[PDB]
Amino acid sequence: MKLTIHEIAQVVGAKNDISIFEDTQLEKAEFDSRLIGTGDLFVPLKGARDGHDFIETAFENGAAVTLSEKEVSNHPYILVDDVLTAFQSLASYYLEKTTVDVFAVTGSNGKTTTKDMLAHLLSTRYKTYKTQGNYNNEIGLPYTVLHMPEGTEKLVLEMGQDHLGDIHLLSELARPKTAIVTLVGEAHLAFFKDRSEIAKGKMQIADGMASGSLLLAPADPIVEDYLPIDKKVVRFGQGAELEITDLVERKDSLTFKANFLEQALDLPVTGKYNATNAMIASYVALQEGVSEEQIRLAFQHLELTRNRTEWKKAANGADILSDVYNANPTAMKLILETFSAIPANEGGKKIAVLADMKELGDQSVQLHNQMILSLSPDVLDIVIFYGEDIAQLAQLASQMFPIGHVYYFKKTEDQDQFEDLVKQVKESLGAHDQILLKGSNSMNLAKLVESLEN
Ligand SMILES: CCN(CC)S(=O)(=O)c1ccc(Cl)c(C(=O)Nc2sc3c(c2C#N)CCC3)c1
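In the deposited numbering, the protein residues as written are 1 to 454.
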């Protein structure tokens, strides 16, 4: 980065002091003590287990200074009322000191996100950096910002939402110079309430933006009511200022033409949505002074962004939901709290498959049991456990849940009842059920996901 514990304290409001600590120039931030390095800034967040509980391991790992809501004794700490708020303010501040251009985008999608494409085009000319993975929430954005490489010219940030107001915060924090809203009214829209609201929330991407700023939004009527009053708005879709005049789809390729470009564009993916994303990514790419060719050239090669956490279907018209990345306690603890908000499909049955999360370290087993706090007999009807370190967690669930509502299958260097997990799951999973598969991606975990789908 480019900060100092003294500077940060100043920025956050170090309720303590700092004149006491050396004031060493920092290397970078981490909330995952297991990621901290020498001269880094530790930031203890409220995860599966509280972050503070890892401050000591932080320093043993390299921490130079640590954010904290309490006295740390014998270590450089910045005392604040709340770590996440402080972490946010630090990102907000950094964005002001970097004077880097921020491009906000809302709407992951799937194959190749508008976030990755827009970034891709901007790279051809400027040193750009983008939200890595799904770090598009109130923790990921500030993380992303601060992790920005030295001399970053264009920063493309993605902003997801779970509750109406989450994007208003993100926008207020990053102050996008430009923004894009792809939208797609959710189904069982967990936590949220309905399309019009989902639209009210994404449209908040504008709040932090300056007057006259370029905001791209769908032609879809459901946004009308929430258009900004003082921003330059461009609508995209059939009929709108920007529209796909022509599209052609091969078996696994695609070519489309945009009413503002003069030559079609090729994309190594298939979809009218990928088409719109690329189009909207380009229009913006142009505004930043990038030749239509550098673009057409750029799309030449892309980079499928491996699935992403989105619902799907097992040959059974069932509502799968395999999370392949983010193999950590907090991730699963949330991935659960969510999956257990959305009531059920048709019948009303809730299944949940869980397997070992590698690399949690020596405290792996202790870490898994922690999930027992996120498992409720009332909301979850059946819970299946696959793995080894997940064993004590299964035993705990079996004692908390109804008789027979839990299942456990072993998997080690000696055994692997994957065969039996298969069956059990098939038989257990009804054509009107929802099965959440979460946990480290393993060769087998992948196979099961397969069978389900066939
Ligand atoms: C990517 C942003 N979020 C998703 C957008 S997140 O859910 O993954 C999210 C948010 C905050 C934290 Cl603190 C974490 C996290 O890494 N927690 C972790 S890793 C690890 C432990 C642990 C805890 N407790 C115990 C030993 C190994 C994750």
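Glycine included, every Cβ here is placed at the ideal spot set by N, Cα and C.
The Cβ atoms of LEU436 and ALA352 sit closer than 8 Å to each other. Less than 8 Å divides the Cβ of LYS177 from the Cβ of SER213. The region 234-252 makes no contact with the region 79-92; the number of CB pairs closer than 8 Å stays below 3. Here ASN61 has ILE36 as same chain residues with Cβ atoms under 6 Å from its own Cβ, once five neighbours each way along the sequence are excluded.
Its Cα nearest to that of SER442, the residue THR412 stands out among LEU380, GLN263 and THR412. In this structure, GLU310 keeps its C-beta atom at 8 Å or more from the C-beta atom of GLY107. CA-to-CA, the gap between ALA63 and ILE229 works out to about 46 Å.
DSSP places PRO76 in the coil class of the three-state scheme, outside both helix and strand.
For the pair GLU27 and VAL145, the Cα-to-Cα distance works out to about 14 Å. Three or more Cβ pairs closer than 8 Å define a contact, and the region 153-172 falls short of that threshold against the region 69-78. Take the alpha-carbon of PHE418 and the one of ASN369: they are about 22 Å apart.
DSSP lists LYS257 as the bridge partner or partners of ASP246.
The region 125-133 makes no contact with the region 161-179, as fewer than three CB pairs between them are under 8 Å. Here the distance from the Cβ of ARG250 to the nearest heavy atom of ligand 1 is not below 7 Å. A heavy atom of ligand 1 is found nearer than 7 Å to the CB of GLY140. Counting the other Cβ atoms within 10 Å of the Cβ of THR24 gives fewer than 16, which makes it exposed. With respect to the C-alpha of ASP420, the residue from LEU445, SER398 and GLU30 having the closest C-alpha is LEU445.
Given a length threshold of 3 residues, each whole run of the beta strand (DSSP E) inside the region 126-209 is given here in chain order: 128-130, 154-158 and 178-181. In this chain, the beta strand (DSSP E) harbouring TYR386 covers 382-386. Straight across, the Cα-Cα distance linking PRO268 with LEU121 is about 15 Å. The residues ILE5, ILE8, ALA9, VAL12, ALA14, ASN16, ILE18, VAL65, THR66, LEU67, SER68 and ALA86, in chain order, have a CB closer than 8 Å to that of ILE78 in the same chain once the five nearest residues on each side in sequence are set aside. The C-beta distance from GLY439 to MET357 rounds to 6 Å, short enough to fall under 8 Å. Between ligand 1 and the CB of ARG308, the shortest heavy atom gap is not smaller than 7 Å.
Closest in alpha carbon position to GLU186, among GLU172, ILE180, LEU173 and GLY201, is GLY201. With respect to the 8 Å criterion, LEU261 and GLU288 are not classified as neighbours on the basis of their beta carbons. Distances from the CB of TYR325 to the heavy atoms of ligand 1 are all 7 Å or more. Remark: C-beta atoms of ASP433 and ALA318 approach each other more closely than 8 Å. The beta-carbon distance between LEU95 and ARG175, rounded to whole angstroms, is 7 Å. This is short enough to meet the 8 Å contact definition. Going by C-alpha positions, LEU183 is about 12 Å away from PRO221. For ligand 1, no non-hydrogen atom lies closer than 7 Å to the CB of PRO218.
Exposed is the label assigned to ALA315, since fewer than 16 other Cβ atoms lie within 10 Å of its Cβ.
Of the other Cβ atoms in all chains shown, fewer than 16 fall within 10 Å of the Cβ of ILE403; this residue is therefore exposed.
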